[PDB]
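Novice: Sending over coords.txt (compact mmCIF, C-alpha atoms).
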# COMPACT_ATOMS: atom_id res chain seq x y z
CA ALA A 1 102.54 137.59 198.34
CA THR A 2 100.42 136.76 201.40
CA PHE A 3 98.16 139.46 202.89
CA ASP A 4 96.83 139.23 206.48
CA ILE A 5 93.70 141.34 206.77
CA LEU A 6 92.67 142.07 210.34
CA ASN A 7 89.66 143.92 211.68
CA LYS A 8 90.47 145.93 214.85
CA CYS A 9 87.26 148.02 214.58
CA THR A 10 84.62 147.74 217.27
CA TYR A 11 82.08 147.07 214.43
CA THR A 12 81.87 144.24 211.87
CA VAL A 13 83.70 144.89 208.55
CA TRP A 14 83.07 142.70 205.61
CA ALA A 15 86.56 142.48 204.13
CA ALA A 16 86.85 142.23 200.29
CA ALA A 17 89.66 141.61 197.76
CA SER A 18 90.10 141.72 194.04
CA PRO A 19 91.23 139.06 193.50
CA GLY A 20 90.33 137.00 196.58
CA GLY A 21 86.64 137.36 197.34
CA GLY A 22 85.35 138.44 200.76
CA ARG A 23 84.69 137.58 204.40
CA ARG A 24 82.71 138.77 207.35
CA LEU A 25 85.24 139.96 209.98
CA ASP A 26 83.67 140.64 213.33
CA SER A 27 85.75 142.59 215.75
CA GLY A 28 89.28 141.07 216.16
CA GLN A 29 88.87 138.56 213.28
CA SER A 30 91.44 138.03 210.43
CA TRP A 31 91.44 136.63 206.89
CA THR A 32 94.63 135.67 205.11
CA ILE A 33 94.91 135.39 201.39
CA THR A 34 97.51 134.76 198.68
CA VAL A 35 97.77 137.05 195.61
CA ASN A 36 100.05 135.71 192.95
CA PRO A 37 103.14 137.40 191.51
CA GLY A 38 102.49 139.52 188.42
CA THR A 39 98.94 140.53 189.61
CA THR A 40 98.13 144.17 188.91
CA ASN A 41 94.91 146.26 189.49
CA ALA A 42 94.52 144.52 192.86
CA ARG A 43 92.92 145.97 195.94
CA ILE A 44 91.75 145.08 199.49
CA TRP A 45 88.98 147.01 201.21
CA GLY A 46 86.34 146.82 203.92
CA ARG A 47 82.59 147.24 203.66
CA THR A 48 80.26 148.55 206.36
CA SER A 49 76.62 147.70 207.24
CA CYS A 50 76.10 144.67 205.09
CA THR A 51 73.21 142.33 204.94
CA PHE A 52 73.65 138.85 203.22
CA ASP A 53 71.40 135.84 202.69
CA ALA A 54 72.40 132.20 202.99
CA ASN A 55 73.98 132.34 199.51
CA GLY A 56 76.03 135.37 200.10
CA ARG A 57 73.80 137.79 198.12
CA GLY A 58 72.77 141.08 199.61
CA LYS A 59 73.97 144.66 199.91
CA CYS A 60 76.52 146.75 201.84
CA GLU A 61 76.18 150.47 202.72
CA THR A 62 79.78 151.11 201.52
CA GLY A 63 82.10 149.20 199.19
CA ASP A 64 79.40 146.91 197.89
CA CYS A 65 80.65 144.66 195.07
CA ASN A 66 77.57 143.75 192.88
CA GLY A 67 75.63 142.61 196.04
CA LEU A 68 78.02 139.70 196.80
CA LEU A 69 79.68 138.62 200.02
CA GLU A 70 82.38 136.99 197.87
CA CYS A 71 83.60 139.93 195.59
CA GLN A 72 84.34 139.20 191.96
CA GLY A 73 85.16 142.83 191.15
CA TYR A 74 85.52 146.28 192.65
CA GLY A 75 83.29 147.85 195.21
CA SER A 76 81.07 150.99 195.16
CA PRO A 77 82.64 154.20 196.61
CA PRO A 78 83.20 155.42 199.21
CA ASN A 79 85.76 152.77 200.23
CA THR A 80 89.25 153.19 201.70
CA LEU A 81 91.52 151.17 199.34
CA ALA A 82 94.80 149.20 199.88
CA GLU A 83 95.99 148.96 196.25
CA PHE A 84 98.89 146.83 194.92
CA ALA A 85 100.66 145.55 191.80
CA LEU A 86 103.08 142.63 192.42
CA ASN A 87 106.36 141.58 190.86
CA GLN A 88 106.43 144.47 188.32
CA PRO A 89 109.68 145.27 186.30
CA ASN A 90 112.87 145.15 188.35
CA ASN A 91 111.20 142.94 190.98
CA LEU A 92 109.20 145.80 192.49
CA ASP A 93 105.78 145.73 194.13
CA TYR A 94 103.81 148.99 193.89
CA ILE A 95 101.67 149.74 196.84
CA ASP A 96 99.42 152.49 198.18
CA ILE A 97 96.40 153.56 200.13
CA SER A 98 93.98 155.46 198.02
CA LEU A 99 91.07 157.78 198.93
CA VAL A 100 90.46 158.52 195.21
CA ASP A 101 87.47 156.15 195.57
CA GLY A 102 86.56 157.73 198.91
CA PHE A 103 87.02 156.84 202.59
CA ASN A 104 84.84 154.55 204.73
CA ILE A 105 87.07 152.86 207.32
CA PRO A 106 90.42 153.90 208.79
CA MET A 107 93.22 151.64 207.52
CA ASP A 108 96.81 150.60 207.93
CA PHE A 109 98.54 148.88 204.96
CA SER A 110 101.95 147.57 205.82
CA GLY A 111 104.56 145.67 203.93
CA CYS A 112 108.21 146.88 203.84
CA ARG A 113 106.82 150.15 205.22
CA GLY A 114 103.67 151.16 207.15
CA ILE A 115 101.16 153.42 205.42
CA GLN A 116 98.17 154.60 207.40
CA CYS A 117 94.99 156.65 207.10
CA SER A 118 93.48 156.55 210.57
CA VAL A 119 91.83 159.96 211.08
CA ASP A 120 88.13 160.67 211.69
CA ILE A 121 87.59 161.58 208.03
CA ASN A 122 83.82 160.61 208.26
CA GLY A 123 83.16 162.94 211.14
CA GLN A 124 84.93 165.89 209.40
CA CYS A 125 83.72 165.17 205.81
CA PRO A 126 82.50 168.28 203.87
CA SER A 127 78.73 168.33 203.23
CA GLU A 128 79.45 168.21 199.49
CA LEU A 129 81.17 164.80 199.88
CA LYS A 130 79.14 163.11 202.63
CA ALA A 131 77.73 159.65 201.88
CA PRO A 132 76.09 157.16 204.20
CA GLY A 133 78.89 155.63 206.23
CA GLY A 134 81.78 157.43 204.46
CA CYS A 135 83.19 160.42 202.61
CA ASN A 136 83.38 160.42 198.78
CA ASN A 137 86.32 161.77 196.74
CA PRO A 138 85.16 164.87 194.76
CA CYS A 139 85.92 162.97 191.49
CA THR A 140 83.28 160.31 192.34
CA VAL A 141 80.59 162.97 193.04
CA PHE A 142 81.50 165.82 190.57
CA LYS A 143 82.58 164.49 187.23
CA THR A 144 85.03 167.23 186.15
CA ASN A 145 88.57 167.19 184.94
CA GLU A 146 89.71 169.41 187.86
CA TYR A 147 88.84 166.39 190.17
CA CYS A 148 89.19 163.39 187.86
CA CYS A 149 92.36 164.09 185.81
CA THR A 150 90.78 162.66 182.57
CA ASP A 151 92.40 165.28 180.32
CA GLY A 152 95.94 163.78 180.48
CA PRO A 153 99.21 163.82 182.57
CA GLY A 154 99.53 167.11 184.54
CA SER A 155 96.06 168.49 183.62
CA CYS A 156 94.87 168.38 187.26
CA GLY A 157 96.38 169.14 190.65
CA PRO A 158 95.37 169.35 194.33
CA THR A 159 91.93 170.94 195.07
CA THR A 160 90.34 172.22 198.27
CA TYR A 161 88.52 168.80 198.35
CA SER A 162 91.59 166.61 197.69
CA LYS A 163 93.39 168.67 200.29
CA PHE A 164 90.66 167.81 202.84
CA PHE A 165 91.86 164.21 202.53
CA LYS A 166 95.54 164.93 202.04
CA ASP A 167 95.86 167.21 205.12
CA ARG A 168 94.50 164.35 207.21
CA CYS A 169 96.13 161.37 205.46
CA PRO A 170 99.33 162.73 203.86
CA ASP A 171 100.46 159.38 202.63
CA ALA A 172 97.36 158.32 200.73
CA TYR A 173 96.30 159.24 197.19
CA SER A 174 93.91 162.22 197.49
CA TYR A 175 93.33 162.79 193.70
CA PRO A 176 94.10 160.55 190.69
CA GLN A 177 97.55 161.95 189.88
CA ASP A 178 98.73 162.35 193.52
CA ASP A 179 101.66 159.88 192.71
CA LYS A 180 104.85 161.57 193.96
CA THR A 181 103.67 161.47 197.61
CA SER A 182 101.36 158.42 197.59
CA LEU A 183 102.98 155.75 195.45
CA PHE A 184 105.35 153.38 197.23
CA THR A 185 107.40 150.39 196.30
CA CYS A 186 108.56 147.26 198.12
CA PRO A 187 110.95 144.74 196.81
CA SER A 188 109.06 141.75 195.47
CA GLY A 189 108.80 138.82 198.06
CA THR A 190 107.49 141.23 200.71
CA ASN A 191 104.33 140.11 202.54
CA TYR A 192 101.58 142.42 203.62
CA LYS A 193 99.08 143.22 206.36
CA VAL A 194 95.94 145.35 206.00
CA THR A 195 94.46 146.46 209.31
CA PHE A 196 90.97 148.15 209.74
CA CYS A 197 90.83 150.69 212.59
CA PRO A 198 94.59 150.46 213.38
Using the file provided, produce a representation of the structure as structure tokens.

Specialist:
Amino acid sequence: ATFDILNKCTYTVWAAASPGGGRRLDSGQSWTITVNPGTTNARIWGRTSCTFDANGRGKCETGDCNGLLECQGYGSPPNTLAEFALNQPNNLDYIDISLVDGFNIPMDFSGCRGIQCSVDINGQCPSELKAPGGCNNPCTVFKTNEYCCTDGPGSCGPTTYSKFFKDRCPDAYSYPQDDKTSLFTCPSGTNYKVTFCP
């Protein structure tokens, strides 16, 4: 599938993708990439307040991926995530927005359907979760089963912290096993758009 990633934010967002790399997107700028069929574990995100040298090495305030402009792996929370797995059994793509790795930039992720998390989550973030330039999931900050779901299927459920996210962005994953209301499919052959600050 092709993904068009567009920055509508008034500030620069350094877009990233696993797999795909990364690009500086000033306001209004787009980057289009191809992710091949069968790819799983994939994600697109944006990074805020980056500094990079002439070789693309540096650091971002949110979503940094091992200090590279061109990501070769996942970023550091908090980062709003567009997650996808392509061309899975029965020709289904599995898509979602996740806040399980935190929020940093409001996002729209569209394909056969539009999913959005566009609220001022940073401005309303609980003091327990606040991070420079974003809002961490409780699981990232507090390493307990109640937030992280490590103890098996059904061992965790919504918490006052997951609900902070879920009340505001009902369609995104708010805790690791938030599947029934956050996991979507599109028929395979769909193409996608990720928009920052929709």

Novice: List as a CSV table (one decimal) with C-alpha atoms, in the frame of the given file the protein and nucleic acid residues near residue A:90, meaning an atom at most 12 Å away when all atoms listed in the file are counted, but skip any in the same chain fewer than 3 places from it.

Specialist:
chain,number,residue,atom,x,y,z
A,38,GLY,CA,102.5,139.5,188.4
A,86,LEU,CA,103.1,142.6,192.4
A,87,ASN,CA,106.4,141.6,190.9
A,93,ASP,CA,105.8,145.7,194.1
A,94,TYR,CA,103.8,149.0,193.9
A,185,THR,CA,107.4,150.4,196.3
A,186,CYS,CA,108.6,147.3,198.1
A,187,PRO,CA,111.0,144.7,196.8
A,188,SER,CA,109.1,141.8,195.5

Novice: Out of A:35, A:13, A:81, A:121, which residue has the shortest atom-to-atom distance to residue A:167 when counting all atoms listed in the file?

Specialist: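 With all atoms listed in the file as the atom set, the closest residue is A:121.
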
Novice: Would you mind reading off the distance between atom CA of residue A:100 and atom CA of residue A:67, one decimal, in Å?

Specialist: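 It comes out at 21.8 Å.
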
Novice: Take every atom of stretch 81-87 of chain A listed in the file, fit an axis-aligned box around them, add 4 Å per side, and give the centre and edge lengths in Å to one decimal as AutoDock Vina command-line options.

Specialist:
--center_x 98.9 --center_y 146.4 --center_z 195.4 --size_x 22.8 --size_y 17.6 --size_z 17.0

Novice: Rounded to one decimal place, report the atom CA of residue A:24-atom CA of residue A:95 distance in Å.

Specialist: 24.3 Å

Novice: Tell me, as a ChimeraX atom specification, which residues lie within 8 Å of residue A:64, counting only C-alpha atoms; anything in the same chain fewer than 5 positions away does not count.

Specialist: /A:47,59,75-76

Novice: I need the chosen residues saved as a CSV table (one decimal), in the frame of the given file, with C-alpha atoms.

Specialist:
chain,number,residue,atom,x,y,z
A,47,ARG,CA,82.6,147.2,203.7
A,59,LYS,CA,74.0,144.7,199.9
A,75,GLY,CA,83.3,147.8,195.2
A,76,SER,CA,81.1,151.0,195.2

Novice: Using only C-alpha atoms, which of A:20, A:106, A:78, A:153 sits nearest residue A:168?

Specialist: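 Using only C-alpha atoms, residue A:168 sits closest to A:106.
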
Novice: For residue A:126, which residue out of A:66, A:138, A:175, A:98 is the nearest one, using all atoms listed in the file?

Specialist: A:138

Novice: Just give me the residues with any atom within 10 Å of (100.9, 133.8, 200.7), file coordinates, counting all atoms listed in the file, written as a PyMOL selection string.

Specialist: chain A and resi 1-4+32-36+189-192

Novice: Let me make sure I understand: among A:154, A:30, A:109, A:197, which one has the smallest atom-to-atom distance to residue A:178 if we use only C-alpha atoms?

Specialist: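 Going through A:154, A:30, A:109, A:197 one by one, the smallest distance to residue A:178 is for A:154.
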
Novice: Which value, in Å to one decimal, gives the distance between atom CA of residue A:29 and atom CA of residue A:169?

Specialist: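 A separation of 25.2 Å between them.
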
Novice: Between A:127, A:174, A:195, A:110, which has the minimum distance to residue A:149 (counting all atoms listed in the file)?

Specialist: A:174

Novice: Which is closer to residue A:107 than all the others in A:40, A:31, A:82, A:49, using only C-alpha atoms?

Specialist: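 Using only C-alpha atoms, residue A:107 sits closest to A:82.
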